[PDB]
Structures are given as structure tokens and as C-alpha cells.
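Take a look at this single chain in C-alpha cells; it is the form deposited in one PDB entry.
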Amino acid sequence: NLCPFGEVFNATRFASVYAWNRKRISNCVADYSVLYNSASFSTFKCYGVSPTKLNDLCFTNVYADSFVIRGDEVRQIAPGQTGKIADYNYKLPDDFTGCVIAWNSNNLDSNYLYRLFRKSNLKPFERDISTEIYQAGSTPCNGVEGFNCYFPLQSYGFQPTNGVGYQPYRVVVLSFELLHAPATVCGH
């Protein structure tokens, strides 16, 4: 009973950051070094943990969240950051215990959107799919797009010849929870 890390990493379609996908991982074994020793990721920073000890640890549940994002925006997928992605799309908690994995995705991904308008910053692990027209004044917008009345999601214009900073990157955030419950994900 190996863990389906394949089904998330090697997947054909990734989701827009604003509507990121979450895979819950449970009742399985997990070689965390088929991932660390690959030389196929450009970003792989771990916060509450160290990858070497990951095959010597058990966790109640593991969550794998995935989406696409610009290269210059992978920096926001860390605890304590601000910016349009961290604020309105995907927020990591200050007290985060997990791993953030990204790789360059230009060959497969060059549609994807992100949320540009929200009145307040997102809470950690909040997911806002709302496509309500955004109210930037005191006048109601009524599904009508116009002055003070903006569509909340705009498109990444992913275009293969842009510099690495504006090229699509695929990201997987591994969240590791320990609860007072029978562990089900054991590295070995």
C-alpha cells in the first residue's frame, strides 16, 4: 500500500492557484526520497521538518495541494509572505510544518487564472472559488461588470518565450499533520 504521490506529481492537468486541488493521503507507506533525490525540482524547501528524517516518521494525515503559478510567484508559497498569490489565492500559516515543491512547467503549460480582487486577505488553507463581480464602491454591482465593478479573476498569459520569471511553475505543497489519532502515513 504505497502512497499515490504519482497521481499528484505526475498528473496531466493542474489547477489554477485560485481553485487549487487538495489530495488527502491516508493508509499507506511513503518513500519521501523518490521525491527529494530526483534533481527534477527547482524549489524544494521544507519548514517544520527535514527531508532526511521523513522516511523515519509517521503522520496522522498528509495533504498534497497542487496548482500552477508564475516563477516569480513561487517565493510567496512560504510562511509569512504577502503578495497577490499569498493574500488572495493560497496562504500558508506562520506555524507551518511541511514541504513546498515546485518545478518549471513551460513545456507543458505554454486558461490558468488567479484572484486579483478580494476585500480581505485569505486565511491559511482557505479556498475561494467565488466568481461574484467584486464591489469596489458602495454601489452594488449586480453581476454587471463596469466602473467600481470588476471581475475578480485574471489570466496568466503563459507564453513560452517569456523569461523564467513569468513562465508557469507547477507546485505541490505537502502538509504534514500529527493528531491524537492512529497514524496512517508511515515513511519506511
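We call the rigid core whatever largest set of C-alpha positions still superposes within 1.5 Å between the two forms. One rule holds for the numbers: they count along the sequence shown, beginning at 1.
What comes next is about the form deposited in another entry, which does not appear here.
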Problem set entry | Candidates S40, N148, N121, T52 - which moves between this form and the one not shown, C-alpha at least 2 Å, core fixed | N148
Exercise. Under a superposition restricted to the rigid core, does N27 display a Cα displacement of 2 angstroms or more between this form and the one not shown?
Worked result: no
For this session: Taking the rigid core as the superposition reference, indicate whether the CA of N61 shifts 2 angstroms or more between this form and the one not shown.
Result: no
Exercise. Aligning on the rigid core, do we see the C-alpha of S138 shift 2 angstroms or more between this form and the one not shown?
Worked result: yes
